[PDB]
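# experimental structure and its sequence below.
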Amino acid sequence: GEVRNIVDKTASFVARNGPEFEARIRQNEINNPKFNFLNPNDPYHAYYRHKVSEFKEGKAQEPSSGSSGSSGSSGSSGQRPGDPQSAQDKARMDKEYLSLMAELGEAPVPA
């Protein structure tokens, strides 16, 4: 029984590698009793979501200055289709996923 520690390390890894890293684990482990905190129904989800934000933003101070980013826009009718995940960020999240499971002490799997 170690879900609090799994949530801590998973939140650190998701905060580093983005919301697609959450989707990678959530699709692979959707019903797993250790990983169910990625579903919104769990008591652990509130701690998990807070830990991702903590890992993202930290607690370091910074002063506010200048005009707000709500002013203006990038341009009228600037819509475009989404790009595929063909970048090196895919090979990164694939290896970082192995590294998470290895640090949690979870079982390896062959290619």
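Happy to help now that I have it. Numbering: from 1, shown residues only.

# residue 101 versus the nearest residue to residue 102 once chain neighbours are set aside, what's the distance?
Computed as C-beta to C-beta, 6 or more residues apart in numbering, the closest residue to residue 102 that is not its neighbour in sequence is residue 108, at 7.7 Å. Where C-beta positions appear, they are placed from N, C-alpha and C, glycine not excepted. Distance check for residue 108 against residue 101: by C-beta to C-beta, to the nearest Å, it reads 8 Å.

# between these two, which has more neighbouring residues?
Legend: neighbour count by other C-beta atoms under 10 Å for residue 108 and residue 101, higher for residue 101 (17 against 7).

# so which strand or helix has that one?
helix 89-103 (DSSP states H and E).

# ok now that helix, how far from the chain's centre?
The chain centroid and the centroid of helix 89-103 are separated by 12 Å under C-alpha atoms, centre = their mean, to the nearest Å.

# so the residue of the chain positioned farthest from its centre, which of the three states?
Distance to the chain centre peaks in the chain at residue 76, reaching 31.6 Å (criterion: C-alpha atoms, centre = their mean). Of the three states, residue 76 takes coil according to DSSP: H, G, I helix; E, B strand; the rest coil.

# check residue 84 too.
coil.

# quick one: contacts for the closest residue in space to residue 2 that isn't next to it in sequence?
Distance criterion C-beta to C-beta, 6+ apart; nearest residue to residue 2, sequence neighbours excluded, is residue 34 at 7.7 Å. Going by C-beta atoms under 8 Å, 6 or more residues apart in numbering, residue 34 touches 2-3, 6.

# 10 Å instead?
1-3, 6-7, 10, 44, 104, 106 (C-beta atoms under 10 Å, 6 or more residues apart in numbering).

# against residue 10, how distant is it?
10 Å.

# spatially central residue for the chain, please.
residue 14 (2.4 Å).

# give the contact list for that residue.
Contacts of residue 14 (C-beta under 10 Å, 6+ apart): 20-26, 38, 48-49, 51-52, 55-56, 96, 100.

# widest-spaced pair of those?
49 and 96 (19.8 Å; C-beta to C-beta).

# if I look at the residue nearest to residue 2, how far off is residue 6?
6 Å.
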